[PDB]
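What follows is a single chain, given as structure tokens, in the form deposited in one PDB entry.
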């Protein structure tokens, strides 16, 4: 909280949008995805190896150029408008993002780099990086994580090369948008782009997991693609989403200067994939420096199948914290940052279990249940009490809540 933020050597003026915390600052520049022998680095390398070999083996295949060191500070234009995300879209809320100010932010997804890289005239590339979101707290959510983006453009003659009379076929037309295609795409083009997209991803998952994995495609919606899909993997009895993808919105591609191309794009969550691939039970593990964890990933070669031996699970301490929200001033994600900041990685989860309005006061009451559990050891009742009482006091000062208990 101030009037000027300093980040990665650059300075940004503060405004009504600014909400970066010091704690997030301690993580910007860490780049686990570039840290040799880190699990996220390992996935990245294996994905790179797949695309390299594909390029070397098949004539048809593009060279995917890799960008894994792009600054995470981007403009709201890069993060949102270049991707056709409407001005009133929920993903833009202050409570969901880390804004430096109205115009600059920590990127919420690697898709923030699609337009610029297209605009540079690239036909095929990967973007790998840390991304940032303000979200709830549990074993599957962290304010920082890592995505890998892929983008692949086709020209008409390239897409239809393997068809006999292929030069009478076209990429574009002027029809209507349906659940199956955009208004300026032909169904001929879309069918082939979709097939290529899904075949590519299916081969990549095979490369990563072997042929035993059960996967399914789910139809979905993104502003920057259409048609759009999520890929789910069945894991521990449950269908889990691992990536989004689809056919790039032609307006996005045209505006970047590739008016003669149709393309696909996908974004994959590295932590998710890594937790499934190595059976890592808690996302906080990526951030610990415990060798019992890290030593396991020091492989001779990136293809050496690592057999992650899960650490013991330590007991938790559970504490409730109740208070009265301020008179017309409060976001649930605000309290969660205060938790991240005081409780750090001692906190496994926070659940809002009760809320109600007191008639006389008119004030709203929140009750949160906080699960304290250390990834590396047993927490004492003593140390938790102190962490807990510190968060209690803080919430009073900084969030203008009323100690209810």
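Residue numbers count along the first chain shown, from 1.
The discussion below concerns the form deposited in another entry, not included here.
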Let me spell it out: two rigid parts, one turning against the other between this form and the one not shown. At which of 179, 58, 291, 312 is the hinge?
312
Given that the distance between the C-alpha atoms of residue 26 and residue 383 changes by 3 Å or more in the other form, do they end up closer or farther than here?
farther
Once you account for a change of 3 Å or more, let me know if residue 122 and residue 58 sit closer or farther in the other form, using their C-alpha atoms.
closer
